[PDB]
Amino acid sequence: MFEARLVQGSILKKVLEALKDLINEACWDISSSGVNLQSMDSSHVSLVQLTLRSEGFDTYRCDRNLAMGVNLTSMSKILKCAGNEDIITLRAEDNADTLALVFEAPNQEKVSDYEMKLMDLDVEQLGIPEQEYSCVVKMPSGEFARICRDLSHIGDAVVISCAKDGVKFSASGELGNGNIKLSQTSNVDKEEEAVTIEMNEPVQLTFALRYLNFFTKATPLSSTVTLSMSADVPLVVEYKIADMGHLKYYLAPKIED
């Protein structure tokens, strides 16, 4: 018997939008420590991991661990019937091939009850060696998404390069070429819309912008985003879900060596 309520159900809406276009089915692992999701897209180029921990919820309860397999498009369609002010409760029996989503207006006598049919999944967790990255660029989220969307119009691939003083995104195509140079905010120390870099090692790598512009569906979740990069390893784009945990997109580089 699983029950999770959020007074601020906006977050659930945002997650599903951040996900629905990159992946279409995924298995939501529920346990008493909270909610966990790891699924790959159709071309196994990108991987997403979602952690919402139990303490973030206003009400959490998980008698027996669950792996519920969820059509994410179905789920987003339902979640678009919730208001941003709505209080959202998730409920599912031990077995039950169904998930209930309940949405209540804080401040009106309106209550919505949706029963989402689940699906038989069984994915198989990949394992994510946890490690140190040559570069970690923390910047504003709107900005990263502006950069990804603009350079799309130049080319199909972006080359991201990092040293101690800033990062640069480059791209090429029929049109021409272009480079955007972002520099470490020297204001910093206690600033909000900054750019800060943990370079240990110059990196320079190359990713498809298609997947990057899927990741920036996550923008509404946090004012700020981080890119972790190292020589021969997928890139991590991370959005912190204030007070609950995080969404991490992982992306396999383009390479010829």
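So that there is no doubt, residue numbering starts at 1 and follows the sequence shown. Between two forms, the rigid core is defined as the largest C-alpha subset superposing within 1.5 Å.
A.B. asks: May I ask which stretch, 107 to 115 or 157 to 165, sits farther from the shown form in 6 other deposited structures of this protein once every structure is superposed on the core, judging by RMS CA distance?
C.D. replies: With the rigid core fitted, 107 to 115 is the stretch that strays more in 6 other deposited structures of this protein.
A.B. asks: Given a rigid core fit, name the stretch, 80 to 88 or 129 to 137, whose C-alphas are on average farther from the form shown here in 6 other deposited structures of this protein.
C.D. replies: The answer is 129 to 137, which departs more from the shown form in 6 other deposited structures of this protein.
A.B. asks: Given the other compared entries that model the residues flanking it, would you say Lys190 is unmodelled in at least one third?
C.D. replies: Comparison shows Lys190 dropped in at least a third of the other entries.
A.B. asks: Read off the CA B-factors in the entry, average them over 192 to 200 and over 40 to 48, and name the higher stretch.
C.D. replies: Mean CA B-factor is higher for 192 to 200.
A.B. asks: Look up the CA B-factors in the entry and say which stretch, 175 to 183 or 69 to 77, has the higher mean.
C.D. replies: So the stretch with the higher mean C-alpha B-factor is 175 to 183.
A.B. asks: Please pick out which of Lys110, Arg91, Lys168, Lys117 has the largest Cα B-factor as recorded in the entry.
C.D. replies: Highest C-alpha B-factor among the listed options: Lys168.
A.B. asks: For the listed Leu19, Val233, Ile241, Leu12, which has the peak Cα B-factor recorded in the PDB entry?
C.D. replies: The C-alpha B-factor peaks, among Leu19, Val233, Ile241, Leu12, at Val233.
A.B. asks: Compared with the other modelled residues in the chain, in which third is the CA B-factor of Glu143?
C.D. replies: For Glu143, whose C-alpha B-factor we compare with every modelled residue in the chain, the answer is the middle third.
A.B. asks: Sorting the chain's modelled residues by C-alpha B-factor, tell me whether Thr216 ends up in the lowest, middle or highest third.
C.D. replies: Tercile = lowest for this residue's CA B-factor.
A.B. asks: Split into thirds by Cα B-factor across the chain's modelled residues, where does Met229 land: lowest, middle or highest?
C.D. replies: Highest third - that is where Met229 ends up once the chain's C-alpha B-factors are sorted.
A.B. asks: Hey, what third does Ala252 fall into on Cα B-factor, ranked over its chain?
C.D. replies: As the PDB entry reports it, the C-alpha B-factor of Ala252 lands in the lowest third of its chain.
A.B. asks: Which third, lowest, middle or highest, does the C-alpha temperature factor of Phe57 belong to within its own chain?
C.D. replies: It falls in the middle third of the chain.
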